[PDB]
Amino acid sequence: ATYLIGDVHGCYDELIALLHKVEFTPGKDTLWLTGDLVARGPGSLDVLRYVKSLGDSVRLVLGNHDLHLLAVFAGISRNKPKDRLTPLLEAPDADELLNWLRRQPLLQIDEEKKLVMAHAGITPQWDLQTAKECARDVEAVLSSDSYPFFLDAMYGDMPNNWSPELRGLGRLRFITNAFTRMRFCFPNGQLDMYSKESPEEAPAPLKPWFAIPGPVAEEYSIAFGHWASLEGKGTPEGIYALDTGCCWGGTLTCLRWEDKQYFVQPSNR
């Protein structure tokens, strides 16, 4: 069976309980995770150990908090007390875990299921070939010995409009923002980097990225996490918003793909 779970955010107990609910069995089952495995919840260390141990039974994409953790580890960015990352950063296997984490994809595609996953979704300004090329380029910098320099370069809110002519720092910044920070778009597809509200509370003319028809979403289903204020609701057919805010006191959501059946684990707070 195929299971898809939204943002775990260090909620190790809830993750394990939800996987026991569906009797997840590596080797017979595969798990997709929308990223943001770490921060906020108490168990980032155990979450990373377990997900890494799953090997080929898990298909992960990296989220914005996974990237922030990598930036802290590399000495690029400052640790925030509220993220509760110190046990993981001080663990004897931190190097092993974070070197594995930075090698994980930004984008997962399954052609037999016609299914695409990224942390924040697929910007309507991208077709599938471009999304794949951009994911490959950022994965290449993150997998390289020089990844601290990329992590430093990635910070920024511009440019917010895609063009195949983008080069260098602006290209990498847009790719990073589209995959891991996107929520709202302007009518022309341009990213808005500020509003994190639910679609009903957002200012005009902002619309959710998935409300703008795009070539990937016309052919593929898209699963994503990231957007907690969306609460997993309000999406069109073929769009699966899996982040129901477990770390925030919401729920951890798991979707079984074969029958589109949902399983929910309440947050423990």
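Note that residue numbering follows the sequence shown and begins at 1.
A.B. asks: Mean CA B-factor: is it higher for 31 to 39 or for 232 to 240?
C.D. replies: Result of the comparison: 232 to 240.
A.B. asks: Which is higher on mean Cα B factor in this entry, 146 to 154 or 114 to 122?
C.D. replies: Taking the mean B-factor of the alpha carbons in each, 146 to 154 is higher.
A.B. asks: From the list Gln108, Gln190, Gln104, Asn177, select the residue with the highest C-alpha B factor recorded in the entry.
C.D. replies: Reading the PDB entry, the winner on C-alpha B-factor is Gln190.
A.B. asks: Going by the entry, which third of its chain does the Cα temperature factor of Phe184 land in?
C.D. replies: As the PDB entry reports it, the C-alpha B-factor of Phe184 lands in the middle third of its chain.
A.B. asks: Could you place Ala204 in the lowest, middle or highest third of its chain by Cα temperature factor, using the values in the record?
C.D. replies: According to the entry, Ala204 has a C-alpha B-factor in the chain's highest third.
A.B. asks: How does the C-alpha B factor of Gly10 compare with the rest of the chain: lowest, middle or highest third?
C.D. replies: For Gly10, the deposited C-alpha B-factor lands in the lowest third.
A.B. asks: Compared with the other modelled residues in the chain, in which third is the CA B-factor of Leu48?
C.D. replies: Tercile = lowest for this residue's CA B-factor.
A.B. asks: Of the three thirds of its chain by CA temperature factor, lowest, middle or highest, which one includes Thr2?
C.D. replies: As the PDB entry reports it, the C-alpha B-factor of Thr2 lands in the lowest third of its chain.
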